[PDB]
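> Have a look at this one.
2 protein chains.
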Amino acid sequence: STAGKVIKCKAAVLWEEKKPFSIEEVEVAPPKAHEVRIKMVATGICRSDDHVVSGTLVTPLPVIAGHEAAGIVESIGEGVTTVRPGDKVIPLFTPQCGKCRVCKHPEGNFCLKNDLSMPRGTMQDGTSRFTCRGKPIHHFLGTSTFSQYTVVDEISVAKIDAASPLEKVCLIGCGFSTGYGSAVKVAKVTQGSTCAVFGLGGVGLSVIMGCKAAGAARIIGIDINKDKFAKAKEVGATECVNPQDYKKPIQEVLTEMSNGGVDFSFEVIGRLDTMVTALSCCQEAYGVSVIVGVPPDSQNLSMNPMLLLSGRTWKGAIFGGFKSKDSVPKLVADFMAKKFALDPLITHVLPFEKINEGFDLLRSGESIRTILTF
Amino acid sequence: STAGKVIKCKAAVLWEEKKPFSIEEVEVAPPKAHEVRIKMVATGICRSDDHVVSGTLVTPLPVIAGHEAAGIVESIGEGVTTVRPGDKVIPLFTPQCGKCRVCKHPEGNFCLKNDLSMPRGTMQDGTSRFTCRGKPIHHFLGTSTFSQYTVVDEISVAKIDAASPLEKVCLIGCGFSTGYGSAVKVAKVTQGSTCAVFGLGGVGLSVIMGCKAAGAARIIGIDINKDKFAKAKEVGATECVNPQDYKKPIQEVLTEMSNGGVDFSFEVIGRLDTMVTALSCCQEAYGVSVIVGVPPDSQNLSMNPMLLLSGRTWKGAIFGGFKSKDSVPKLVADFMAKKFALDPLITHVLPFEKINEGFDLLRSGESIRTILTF
Ligand SMILES: NC(=O)c1ccc[n+]([C@@H]2O[C@H](COP(=O)([O-])OP(=O)([O-])OC[C@H]3O[C@@H](n4cnc5c(N)[nH+]cnc54)[C@H](O)[C@@H]3O)[C@@H](O)[C@H]2O)c1
Ligand SMILES: NC(=O)c1ccc[n+]([C@@H]2O[C@H](COP(=O)([O-])OP(=O)([O-])OC[C@H]3O[C@@H](n4cnc5c(N)[nH+]cnc54)[C@H](O)[C@@H]3O)[C@@H](O)[C@H]2O)c1
Ligand SMILES: OCc1c(F)c(F)c(F)c(F)c1F
Ligand SMILES: OCc1c(F)c(F)c(F)c(F)c1F
Ligand SMILES: [Zn+2]
Ligand SMILES: [Zn+2]
Ligand SMILES: [Zn+2]
Ligand SMILES: [Zn+2]
């Protein structure tokens, strides 16, 4: 039995920015009250994890990163009611405490208990469950999924279908749900509309899936890497454009293509310039633009507010706008009912021990999602 | 007797920026096909007219400004079907051609025939109906209401109730409808919500009216001129704050007052800094901020897009989001049925000949709306 005991296991520790992960033994404390210890089964490599490595996202180091995953409950602390040992679960990088003003709001999902805005890199109680070489190691977004075992707060975990394939549904923990919800819930894409999707990685592909599901008539994919176009078309893009092919700015190209601007645009990269371009290419009177990408820490964009005064709507969201604990189980149920596909997003499946190679595939432009299996 | 003939009348011509208007004789050509010549009865002095004088708003000079008005049709050009001589009318600074993609869109109101985005200062045909001292004089927004007679395109005029009091309902041509619609139509303020209104002039007062009509529980007015607070409370503000009273930035004050951010905020001034402050003070996960004020020409704001990524919505609108020709007559009908009040906005009345004194009153901070009578 491991319940109630410290577990020694393998994890990928990030000791400092711009260095490879170190795959080594960590100690994982047992869960305290209202905490859940999970044996990880699969975790995805998301660009946001690379942002921690690159310094694009600032979070306390050293750290166990990883936020898109699925696993099986090993043990629960006192007072846990929503999961039991043996349950399949997805950690929730956006929690759902159910009690704060956001949780109670019909349209908010960015629960005030989150560790995104002002990250401490701890459990809710302000302490860490991880040690490595005698040193405390930080958590990441309350999830820390780059470990054979993690500990999460109960508000940061959802129980899912016991028959779920964990090596696929881990994507519901971040990239699929984020893109899909950005289209269907946040933008509320309409039937017959024209959509523009900037960035054709895992998240942008999921935005395309949602735009197609919503009945868009035209879905224009934009990426500087033309190797991304074939898969974008497979999942619903009607056209793809590479800005590097044009003498004019791409907002002008897209405005012309759409006979005066698109209905919905999405920034799914993380660049300040593309955020402004995406806003500009939506129709000036009634267009909607959604920011999904995460830009470099503490950098401001510059824009002319006449873009908004004419009638545009500009919004952003975390996790597709989904209230996390309510939505994850339903998304998995919908996947099990064949309502959407996840295989198009998965280009590589590697053992966990190859985490660095998986990040190199992302950085080189060669992968969409690599799933790491424990 | 004047139908088909040039009319000589008095208008207020702006020859140069940063100068008084010159009340002098102009020649007003008869209406061409699909044009309407209107005898003006009353026109309001709106801050946007002042922006033309100050250079905040760039439009070709020399010009006959004025855009908030009501009058009586003197004559119609060939092919006009929607008004007749003797009808009471409001000129529409935002046209409604009824044929473009925006006019056909359920939400859009910024008709593509507008003369706001890239002002030419002409009729729809690219020519002027005004001569002064033998020189052609520009139109403004297709309306040019600072004249005893103007000529407008048919898509820029609405017929209104024959019993309408024109010295009141001119405010439906801009300031009332813009602020009211910004709350009820653009923001879609909800019952029980907390609203923050930056700027307590005529437009911001109208926003407050709209927020109160929509059922807001708290309406916080923000102005650096505390003389504006008594009327703001009369029309529905629950509390007023002056940024100059505080050591902390007002977005922090408002976030504290609203226990974590407001539901709806409105920028009703025209400053880049207050546009960002207004966005910041709405709740980070589900807040909505609407830009109403007109900022200085060609200037960009700087902002951190993480404000949006957490869930905020940022939008702007012209004329309260109202499709102009459909909406203006209905708004007048609702006024005649006492569904809203206009008298709280009217602080001064002057003859047209005292236009410069009217502008002095606005610039000093003393007036809300001065109504000029012809
Ligand atoms: N809002 C959320 O909740 C949330 C969740 C998940 C991911 N993210 C962010 O979303 C973004 C996309 O993540 P991902 O899909 O995993 O990343 P990814 O797989 O790296 O995809 C990004 C795509 O952008 C393309 N690209 C780069 N520069 C440009 C350019 N100038 N113009 C057009 N295309 C360009 C690039 O070739 C690539 O295909 C990242 O910034 C993530 O951090 C946000
Ligand atoms: N979007 C539209 O369709 C539309 C139509 C009508 C008016 N406008 C614009 O709306 C704005 C307001 O017009 P208005 O109500 O006639 O103008 P106004 O009567 O000048 O009112 C502006 C108010 O802002 C106050 N103010 C100035 N600076 C600050 C500050 N830093 N903080 C807080 N309050 C401050 C000022 O004291 C005044 O009471 C102007 O920019 C107009 O050009 C836009
Ligand atoms: O990919 C999801 C994701 C985000 F959207 C962020 F805004 C963030 F800061 C982060 F760490 C993260 F993992
Ligand atoms: O007051 C209404 C109004 C506007 F909202 C503008 F954006 C504009 F450019 C203008 F000239 C105007 F009069
Ligand atoms: Zn919460
Ligand atoms: Zn992610
Ligand atoms: Zn139109
Ligand atoms: Zn105005």
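Heads up: the protein sequence lines correspond to chains A and B, in order. Going left to right, the first sequence walks through residues 2 to 375 as full-length UniProt numbering numbers them. Going left to right, the second sequence walks through residues 2 to 375 as full-length UniProt numbering numbers them. For each residue, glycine too, the CB sits at the ideal point set by N, CA and C.
Which bits of chain B does A:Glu253 rub up against, with CB to CB less than 9 angstroms?
Within chain B, no residue comes near A:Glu253; the closest Cβ sits about 15 angstroms away, beyond 9 angstroms.
> Please report whether the beta-carbon of B:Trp16 lies at a distance below 8 angstroms from any beta-carbon of chain A.
Closer than 8 angstroms: no.
> Measure the beta-carbon distance from A:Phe111 to B:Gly312 and round it to whole angstroms, keeping in mind my assumption that it falls under 8 angstroms.
Indeed, because the Cβ distance is near 5 angstroms, the residues count as touching under 8 angstroms.
> In chain order, what residues of the same chain have a beta carbon less than 8 angstroms from the beta carbon of B:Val90, not counting five sequence neighbours either side?
Taken in chain order, the residues that qualify are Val37, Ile39, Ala71, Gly72, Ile73, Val74, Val84, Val158, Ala159, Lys160 and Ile161.
> Name, going along the chain, the residues of the segment 82 to 113 of chain B whose beta-carbon falls closer than 9 angstroms to a beta-carbon of chain A.
Listed by position, the residues of the segment 82 to 113 of chain B near chain A (Cβ gap below 9 angstroms) are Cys101, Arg102, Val103, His106, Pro107, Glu108, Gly109, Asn110, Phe111, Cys112 and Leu113.
> Quick check on residue 385 of chain A - is its C-beta less than 8 angstroms from some C-beta in chain B?
Residue 385 of chain A lies beyond the range of chain A shown here (2 to 375); nothing can be said about it.
> Please list, in chain order, all residues of the same chain as B:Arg102 whose beta carbon is under 8 angstroms from its beta carbon, the five residues on each side excluded.
If we look at B:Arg102 and ignore the five residues flanking it on each side, its Cβ neighbours are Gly109 and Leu113.
> Answer yes or no: does any C-beta atom of chain A fall closer than 8 angstroms to that of B:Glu285?
Yes, B:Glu285 lies at the interface with chain A (some Cβ there is under 8 angstroms from its Cβ).
> To the nearest whole angstrom, what separates the beta carbons of B:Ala318 and B:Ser178, a pair I think is in contact under 8 angstroms?
Their Cβ separation, rounded to whole angstroms, is 11 angstroms, which puts B:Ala318 and B:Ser178 out of contact at 8 angstroms.
> Can you tell me which residues form a DSSP beta bridge with B:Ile347?
B:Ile347 is bridged to B:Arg370.
> At a Cβ threshold of 8 angstroms, is B:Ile77 touching chain A?
So no, B:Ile77 is outside the interface.
> Any chance the CB of A:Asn357 is under 7 angstroms from a heavy atom of ligand 1?
No; taking the cut-off as 7 angstroms, the Cβ of A:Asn357 has no heavy atom of ligand 1 nearer than that.
> Please identify, using Cβ separations under 8 angstroms, the residues of the segment 312 to 334 of chain A that lie next to chain B, in order along the chain.
Against chain B - using a Cβ distance shorter than 8 angstroms - the residues of the segment 312 to 334 of chain A are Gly312, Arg313, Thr314, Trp315, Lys316, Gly317, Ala318, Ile319 and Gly322.
> Between the Cα of B:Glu253 and those of B:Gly176, B:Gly271 and B:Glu285, spot the shortest distance and give me the residue it belongs to.
Checking every option, the nearest Cα to that of B:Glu253 belongs to B:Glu285.
> Would the segment 223 to 234 of chain B and the segment 289 to 300 of chain B be scored as touching if the rule is three or more Cβ pairs under 8 angstroms?
In short, these stretches do not touch, since the Cβ pair count stays below three.
> Tell me whether the segment 121 to 135 of chain B and the segment 39 to 51 of chain B touch, counting them as touching only if at least three CB pairs, one residue from each stretch, are closer than 8 angstroms.
The segment 121 to 135 of chain B vs the segment 39 to 51 of chain B: no contact.
> Mind listing the chain B neighbours of A:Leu309? Cutoff is C-beta to C-beta under 7 angstroms, in chain order.
Chain B residues near A:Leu309: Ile292, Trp315, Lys316 and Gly317.
> What separation, rounded to the nearest whole angstrom, lies between the Cα atoms of A:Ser23 and A:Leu15?
Straight-line Cα distance between these residues: approximately 6 angstroms.
> What three-state label does DSSP hand B:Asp154 in the structure shown?
In this structure, B:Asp154 counts as strand in the three-state DSSP scheme.
> Where A:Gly143 and A:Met119 are concerned, what is the direct C-alpha to C-alpha distance, given to the nearest angstrom?
Approximately 13 angstroms between the Cα atoms of the pair.
> What did DSSP end up calling A:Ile319 once you bin it into helix, strand or coil?
Looking at A:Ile319 - three-state DSSP - the assignment turns out to be coil, as it is neither helix nor strand.
> Please classify A:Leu302: does DSSP put it in a helix, a strand, or coil?
A:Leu302: strand per DSSP, three-state reduction.
> Beta-carbon separation of A:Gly180 and A:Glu69 under 8 angstroms?
In this structure, A:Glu69 does not lie closer than 8 angstroms to A:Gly180 by Cβ.
> Return the Cβ separation of B:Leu309 and A:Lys324 in integer angstroms, given the expectation that the two are a contact with Cβ distance under 8 angstroms.
That pair is no contact at about 19 angstroms.
> Please report the distance separating the alpha-carbon of B:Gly193 from that of B:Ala217.
Each residue's alpha carbon lies about 5 angstroms from the other.
> Can you tell me the Cα-Cα spacing of B:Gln300 and B:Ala188, whole angstroms?
Their backbone Cα atoms lie some 25 angstroms apart in a straight line.
> With C-beta atoms as the reference, is A:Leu62 less than 8 angstroms away from A:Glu17?
For A:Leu62 and A:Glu17, yes; Cβs fall inside 8 angstroms.
> With distance defined between alpha-carbon atoms, name the residue in A:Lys9, A:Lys33 and A:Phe94 nearest to A:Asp50.
For A:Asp50, the nearest C-alpha among the options comes from A:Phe94.
> Kindly provide the chain-ordered list of residues whose Cβ lies closer than 7 angstroms to any non-hydrogen atom of ligand 7.
Here the list is B:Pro96, B:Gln97, B:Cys98, B:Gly99, B:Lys100, B:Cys101, B:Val103, B:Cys104, B:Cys112, B:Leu113 and B:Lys114.
> Are the segment 196 to 214 of chain A and the segment 230 to 239 of chain A touching by the rule of at least three beta carbon pairs closer than 8 angstroms?
These segments touch.
> Identify the contact partners of A:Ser303 in chain B, using a Cβ-Cβ distance below 8 angstroms as the criterion.
In chain order: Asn301, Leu302 and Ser303.
> Jot down the residue ranges of each uninterrupted beta strand (DSSP E) in the segment 242 to 291 of chain A, minimum 3 residues, whole runs only, in chain order.
265 to 268, all fully within the segment 242 to 291 of chain A.
> Any C-beta of chain A sitting closer than 8 angstroms to the C-beta of B:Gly203?
Not closer than 8 angstroms to any Cβ of chain A, the Cβ of B:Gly203 fails to qualify, so no.
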